[PDB]
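Notes follow once the structure below has been shown.
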Amino acid sequence: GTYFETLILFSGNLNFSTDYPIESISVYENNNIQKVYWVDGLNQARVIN
Amino acid sequence: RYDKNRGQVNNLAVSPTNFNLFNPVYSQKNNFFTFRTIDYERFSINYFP
């Protein structure tokens with residue numbers, strides 16, 4: 001209603017650079033399988049539920 | 001056993017070629033309608049938005 005319920009899904013060393021921003025596609029298959037495919041111009045394509 | 005050389009006094013010319021011919025089909029189980037157990041806590045989806 002008045003705030004963003006924030007969760008930290010990950011905190012590590014996914015090699016990320018500011019020169020290579022993120023572009024994403026996210027699908028909704030069901031209540032539990034909610035994926036977000038994203039790609040840099042530098043690193044492998046990745047997925048996150 | 002589908003041969004007619006059964007229970008006869010003669011039994012002179014009998015052989016594996018004549019005496020115990022067999023039709024396997026009659027030894028059939030209830031294979032058509034078969035079931036199996038299901039795990040309650042396993043998550044198999046049933047929603048297709």
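Every chain in the structure tokens takes a letter, A first, then B, and so on in the order presented; its residues are numbered from 1, and the ligands are numbered from 1 following the presented order.
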
Please identify all residues of chain A having at least one atom at most 10 Å from any atom of chain B, considering only C-alpha atoms, and return them as a list in words.
residues 28, 29, 30, 31, 32 and 33 of chain A

Quick one: residues within 12 Å of residue B:26, only C-alpha atoms, excluding same-chain residues fewer than 4 positions away - as a ChimeraX atom specification?
/B:1-2,22,30

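We find atom CA of residue A:35 and atom CA of residue A:11 to be spaced 18.1 Å apart.
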
Between A:38, A:43, A:3, A:27, which is the closest to residue A:15 once you count only C-alpha atoms?
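Closest candidate: A:43.
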
Close residues, residue A:24 itself excluded, 7 Å, only C-alpha atoms, min 3 positions apart in chain, as a ChimeraX atom specification
/A:36-39

Could you tell me how far atom CA of residue A:17 sits from atom CA of residue A:44, in Å to one decimal place?
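Going from atom CA of residue A:44 over to atom CA of residue A:17 covers 13.0 Å.
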